[PDB]
Amino acid sequence: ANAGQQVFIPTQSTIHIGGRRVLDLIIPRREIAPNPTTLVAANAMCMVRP
Amino acid sequence: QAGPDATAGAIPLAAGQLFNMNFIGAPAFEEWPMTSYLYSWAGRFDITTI
């Protein structure tokens, strides 16, 4: 008689693991270049920009 | 370079027009229509040169 949408919370979603709130990622440079000094150099420099 | 016989279109090619080469800075990628680029050189192909 009474259809409707219904919500469920997966058990996997509630397990607590790890503690690394903050991180830094080093990304490949597609060109052979010296370390960037400006913003645009750093943007052009990357293998793929995040 | 474009060939001797000029063509129309959204990207017209004047006869002998020179291509503007791509570079690592990218305000915009640059490119030509290909059927028109071949329409330009279509008259100059010749069996001795082949």
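Thresholds, definitions, all that
- Residues numbered from 1 in each chain as written, not as in the entry; some residues may be left out.
- Chains lettered and ligands numbered in written order.
- Part of a larger assembly, values for the part shown.
- Heavy atoms only, no water.
- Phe/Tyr/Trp six-rings, centres within 6.5 Å; stacked < 30°, edge-to-face > 60°.
- Helix = DSSP H or I, 4+ residues; strand = E, 2+ residues; numbered from the N terminus.
- Patch = residues over 30% accessible without salt bridge, like charges linked within 9 Å, V, L, I, M, F, W, Y side chains within 5 Å.
- Areas by Shrake-Rupley, 256 points an atom, 1.4 Å probe, with all protein chains shown as cover.
- Salt bridge = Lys/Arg side-chain N within 4 Å of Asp/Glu carboxyl O.
- 1 Å grid on protein atoms, 1.4 Å probe; cavity = no way out; pocket = protein on both sides within 12 Å on 5 of 7 lines; lining within 4 Å.
- Points joined across faces, edges and corners; volume = space filled by probe spheres on them.
- Nonpolar A, V, L, I, M, F, W, Y, C, P; charged D, E, K, R; others polar.

- For this entry, the PDB record names cryo-EM as the structure determination method and reports a resolution of 2.79 Å.

**Examining the packing of aromatic side chains**
All names here are of chain B.
1) Next: Under the definition given, this model contains 2 aromatic pairs over all chains.
2) Next: For the pair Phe19 and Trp32, a centre-to-centre distance of 5.1 Å together with 85 degrees between the ring planes defines the contact as edge-to-face. Of this pair, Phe19 sits in the segment before α1 (34-41) while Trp32 sits in the segment before α1, and the two are 13 residues apart along the sequence.
3) Next: Judged by centre distance (6.3 Å) and plane angle (40 degrees), the ring pair of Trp32 and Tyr37 falls under tilted.

**Considerations on a nonpolar patch on the surface**
1) Next: On the surface, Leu23(A), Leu25(A), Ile27(A), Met47(A) and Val48(A) cluster together into a nonpolar patch covering about 560 Å² of accessible area.
2) Next: Locating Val48(A) in the fold gives a position in the segment after α1 (39-45).

**As for the layout of surface pockets**
Empty space among the atoms becomes visible once a probe the size of a water molecule is rolled across them.
Residue and element names in this part refer to chain A.
1) Next: For the largest pocket, the calculated volume is near 250 Å³.
2) Next: Lining the largest pocket we find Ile26, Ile27, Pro28, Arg29, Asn35, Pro36, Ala42, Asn43, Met45, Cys46, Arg49 and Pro50.
3) Next: Of the residues assigned to the lining of the largest pocket, the class counts are 8 nonpolar, 2 polar and 2 charged.

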